[PDB]
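Form deposited without the ligand, single chain, as structure tokens, below.
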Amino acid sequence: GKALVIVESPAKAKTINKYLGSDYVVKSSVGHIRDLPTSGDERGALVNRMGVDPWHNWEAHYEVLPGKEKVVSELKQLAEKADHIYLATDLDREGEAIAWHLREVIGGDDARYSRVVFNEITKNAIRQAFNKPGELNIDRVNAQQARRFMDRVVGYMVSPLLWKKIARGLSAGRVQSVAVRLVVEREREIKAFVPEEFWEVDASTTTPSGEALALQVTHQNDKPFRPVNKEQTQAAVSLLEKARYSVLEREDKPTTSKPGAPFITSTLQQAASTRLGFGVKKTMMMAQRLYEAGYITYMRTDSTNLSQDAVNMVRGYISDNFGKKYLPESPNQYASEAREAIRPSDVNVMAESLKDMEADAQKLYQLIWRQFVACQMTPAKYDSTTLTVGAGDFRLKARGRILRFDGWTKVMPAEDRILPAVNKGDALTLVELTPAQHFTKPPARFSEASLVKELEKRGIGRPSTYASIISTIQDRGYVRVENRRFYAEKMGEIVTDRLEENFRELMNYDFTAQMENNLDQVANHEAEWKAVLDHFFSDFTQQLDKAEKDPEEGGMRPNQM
């Protein structure tokens, strides 16, 4: 009697079947099978639409997804002819919930099911995973459901208020709204910024040997040099033109540069954006394909941990392919659960050898591979130099450095300012002085890169949710991406102001981050899901009830006049 192994996608089914013997039949569910209604007397109508009942202790009406009836039948029919069912969904909470939905729709004794967990699809990982199969974790499922229901309530109860008060078709979302707020705030900072004039002066000189030495003026009378207009710069240039220049100090020190940690979801998104020009969506879609194909570890992670076997494999690669000088004494540890960073499943698999992956996916694999190999290599070593020069009442500086050992940079694609030899007390001959006018700059616009970064920093959102927050926002008319930077739209500003005014708690960054903590508490049996939802709902209805009132009574302002 064979066993039934169920996964989310045909691609994952294919890969996992490579490592499962004849006693297993693998089948995919082709994505989610059940969720809240697709949605296509007033309270009753609302509950019907939501698919959840906040007033009746969160009773839910899960419905099989449009067009999934046939796979459910295929699955039930296959479930019959099996002696055990292994739920092999992805390792995160959403994956736990999908496994749960499968178990619920298929039915049977819970003892007929096992939940297997792995962070990559390789022979050895599948072996370990099936050698020690666990049970469905209901706390993690409930944490998912809690998130799901909260999101649903906000969306379906706040949005209709927006239709009445501002405009039809608008949306609000527990997360989407807070993300928009960040962009709107940045927009207003930029619009309010008043740039200030400041000047710099550089000096080109020659050493006693005749070599060029470029210096920057740093101090005048022992105070930082920063003239604010042309008059002041010219007065300074006048003095600098006549001064005698000499080297006050030469400071030589060895410096190093360290490789970064291996990627996690947020840093991968950032590096793929800045280095490859890939949008967050593209990146996550390709990462998922690489993972389901068995080439990298799971792509939703916030851990920088590396298994002992993974570290062994990469140190072996470094020793064989770069040499002893590139291998640290002991492995580099980057951590702080059984989770791991985003890394190649097999270090001897090169991006060029990837089967059935487009060029851009190979480029992402390369990005991941290089980061993983580099993170276990030695630091690059430099000989840095700082020269301090005196000229009458002025102080000037020049900094340089020469690479002495490439270390981890050897694995990066194949250039430092070098300073001439001079000794303390040497006279320098002035050749030219170049003043330059500059102005202060407003805060930088959010890039798709910096935004993810900001959400992480504030504890808002998670690896499973940093994804495609940046699509509707744009569809929706709230913010738009232009020339690789975000711009708030007026409707974004209009909605944000209204939400901040009447849904202060919901829009508050710290409260939003706290909710992620609350959900983790549920996942870890430190809180109960319906109680957590009860508290959320009590606070939410307080805001909503008030928001619905006339503005004269403190309700949300209409979008008009």
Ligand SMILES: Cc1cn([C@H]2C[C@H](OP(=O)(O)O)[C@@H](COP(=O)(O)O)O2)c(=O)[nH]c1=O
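One rule holds for the numbers: they count along the sequence shown, beginning at 1.
Although not depicted, the form solved in complex with the ligand is the subject of the following passage.
Take the ligand as it sits in the deposited bound form, overlay the site C-alphas onto this chain, and none of its atoms lands within 2.4 Å of the backbone or a C-beta, so the site here is open. Each of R275, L367 and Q371 comes within 4.5 Å of the ligand in the deposited bound form, counting any heavy atom. Stretch 263-271 is the answer when you ask which of 263-271, 120-128, 76-84, 352-360 has residues with heavy atoms within 4.5 Å of the ligand in the deposited bound form. Remark: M412 counts among the residues lining the ligand in the deposited bound form, judged by a heavy atom distance of 4.5 Å or less. Although the partner is absent here, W408 is a contact residue: one of its heavy atoms lies within 4.5 angstroms of the ligand in the deposited bound form.
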